[PDB]
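# Chains, contacts and geometry: an overview
Okay, here's what each chain looks like letter by letter:
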Protein chains: 2
Amino acid sequence: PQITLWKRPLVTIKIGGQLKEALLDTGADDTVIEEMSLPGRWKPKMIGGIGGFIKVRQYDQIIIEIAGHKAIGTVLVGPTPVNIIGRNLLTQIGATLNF
Amino acid sequence: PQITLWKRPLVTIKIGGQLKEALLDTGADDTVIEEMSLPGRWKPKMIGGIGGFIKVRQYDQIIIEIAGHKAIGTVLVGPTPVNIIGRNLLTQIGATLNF
Ligand SMILES: CC(C)CN(C[C@@H](O)[C@H](Cc1cc(F)cc(F)c1)NC(=O)O[C@@H]1C[C@H]2C[C@@H]3[C@@H](OC[C@@H]31)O2)S(=O)(=O)c1ccc2nc(NC3CC3)sc2c1
Ligand SMILES: [Cl-]
Ligand SMILES: [Cl-]
Ligand SMILES: [Cl-]
Ligand code: NA
């Protein structure tokens, strides 16, 4: 699709068999999702945004569908205010910015 | 142009007579620039991101050149760690996300 930006670019994602809403975010290096259970081990990461830093759990090689496109990669889980799809997964679905 | 997302989508902007580097950020509703002076009236605002909120100054009707394309809109000025071009100005340069 071609998505204009007059509204937030929200899409449906599927992770762990569950549908969630998430923001396509070119300003995010990484994908960050609200608290949920994911399989396997995690590693620590601290990420910085506009109001300071949050600690998150880094899960690697997680299967996630984004707007009907399959991706497999790193998902950070933590107290993010919104679910964000960052460039690590936007590149896997072939997204570009165009003007 | 077509901007891929392998790296941060940074562009040059001109604002307030100054050249700056800023991130094209589909996850940002508003445009937020590091502390600088702008002419005219402003009012305070609180904006929230990862980590929490920061206080900014809201200036309306500010002209900004983004990668060579002129646009006018509201600009928020405050202690953001990155200059971000949000949707309020991305729309005006005709930017879309495509996949
Ligand atoms: C600020 C930019 C440089 C980074 N953010 C992405 C950004 O698009 C953010 C996404 C986002 C977070 C949030 F907590 C709430 C949101 F609604 C959206 N937007 C934002 O703060 O807009 C704010 C939203 C609200 C208030 C103002 C106005 O527009 C901009 C600002 O609307 S971030 O959410 O902090 C973010 C995401 C992943 C991420 N990955 C990282 N990886 C590590 C290696 C560096 S750092 C990092 C930071
Ligand atoms: Cl990844
Ligand atoms: Cl505006
Ligand atoms: Cl349009
Ligand atoms: Na003004």
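In this view, residue numbering begins from 1 on each chain in the order the sequence is written and may differ from the entry, while residues that lack coordinates are not shown. Written order determines the labels here, with chains lettered from A and ligands numbered from 1. Hydrogen atoms and water are omitted, and side-chain values are computed over all heavy atoms in the structure.

- Chain A is annotated in the PDB entry as Protease of Human immunodeficiency virus 1.

## Some details on the interface of chain A and chain B
- With 38 residues of chain A in contact, the opposing surface of chain B contributes 41 residues.
- For the pair chain A and chain B, the summed buried area comes to about 3700 Å², and 63% of that belongs to carbon and sulfur atoms.
- A salt bridge links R8(A) to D29(B); its shortest N-O distance comes to 2.9 Å.
- Any pair of nitrogen or oxygen atoms within 3.5 Å is treated as a polar contact; in protein, a donor-acceptor pairing is required on top of that, and neighbouring residues in sequence qualify only through side-chain atoms on both sides. Run the count over chain A and chain B and you get 22 residue pairs in polar contact.
- Helix and strand assignments follow DSSP, with helices taken as H or I runs no shorter than four residues and strands as E runs no shorter than two, numbered in order from the N terminus. Of all the secondary structure elements, the ones that give two or more residues to the side of chain A that touches chain B are strand 1 (2-3), strand 3 (18-24), strand 5 (43-49), strand 6 (52-66), helix 1 (87-90) and strand 9 (96-98) of chain A.
- A breakdown of the residues in the side of chain A that touches chain B according to their chemical character gives 20 nonpolar, 13 polar and five charged. Any two residues whose heavy atoms approach within 4.5 Å at even a single point are treated as in contact. Using a 1.4 Å probe, buried area is obtained as the accessible area two parts lose upon being combined, added over both of them. In the sections that follow, a salt bridge refers to a side-chain nitrogen of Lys or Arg positioned within 4 Å of a carboxyl oxygen of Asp or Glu. Only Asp, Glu, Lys and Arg are considered charged in this grouping, and only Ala, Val, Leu, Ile, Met, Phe, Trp, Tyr, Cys and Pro are considered nonpolar; every other residue, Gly among them, is considered polar.

## Let's talk about the UniProt feature "domain: Peptidase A2" (unreviewed entry) in chain A
- As recorded in UniProt, the feature "domain: Peptidase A2" (unreviewed entry) lies at residues 20-89 of chain A.
- With 4% helix and 57% strand, the stretch residues 20-89 of chain A has end C-alpha atoms that lie 16 Å from each other. UniProt positions are given in the numbering used here, feature names are shortened, and annotations may be inferred rather than shown by experiment.

## Focus: the sheet that holds strand 9 of chain A
- Pairing between strands is defined by DSSP: at least two bridges between them are needed. Across the sheet, four strands lie side by side as 1(A)-9(B)-9(A)-1(B); this open sheet has antiparallel pairing. Each having just a single partner strand, strand 1 of chain A together with strand 1 (2-3) of chain B make up the two edges of the open sheet.

## Overview of the pattern of salt bridges
- Tallied over the full model, the rule gives nine salt bridges over all chains.
- Put simply, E35(A) and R57(A) hold a salt bridge, and the shortest N to O gap is 2.7 Å. Here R57(A) lies in strand 6 and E35(A) lies in the loop between strand 4 (32-33) and strand 5, a separation of 22 residues in the sequence.
- Residue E35(A) is classed as exposed on the basis of its relative accessible area of 54%.
- Using a relative accessible area of 18% as the deciding quantity, one classes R57(A) as buried.
- In the salt-bridge network here, residues are joined through shared partners; they are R8(A), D29(B) and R87(B). To sort residues, take the accessible area from a 1.4 Å probe on protein chains only and compare it with the maximum for the residue type: under 20% means buried, over 50% means exposed, and anything in between is partly exposed.

## Focus: the site of ligand 1
- By convention in these notes, a residue is near a molecule or strand provided one of its non-hydrogen atoms lies within 4 Å of it. The local shell around ligand 1 holds 23 residues, among which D25(A), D30(A), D25(B), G49(B) and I50(B) are the closest.
- Ligand 1 is flanked by residues contributed from chains A and B.
- A distance of 3.1 Å is found between an oxygen atom of ligand 1 and a backbone nitrogen or oxygen belonging to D29(B).
- Out of a free accessible area of 880 Å², ligand 1 has 88% covered by protein chains.
- For cavity detection a 1 Å grid was placed over the protein atoms alone, and a set of points counts as a cavity when a 1.4 Å probe fits there but cannot get out; an open set counts as a pocket when protein lies on both sides within 12 Å along at least five of seven lines, with lining residues being those that have an atom within 4 Å of a point. Any molecule with more than half of its atoms within 2 Å of a cavity's or pocket's grid points is counted as sitting in it. The pocket occupied by ligand 1, as judged from atoms lying within 2 Å of grid points, is the largest pocket. With residues, only the protein chains shown are counted as cover, and all accessible areas are computed by Shrake-Rupley using a 1.4 Å probe.

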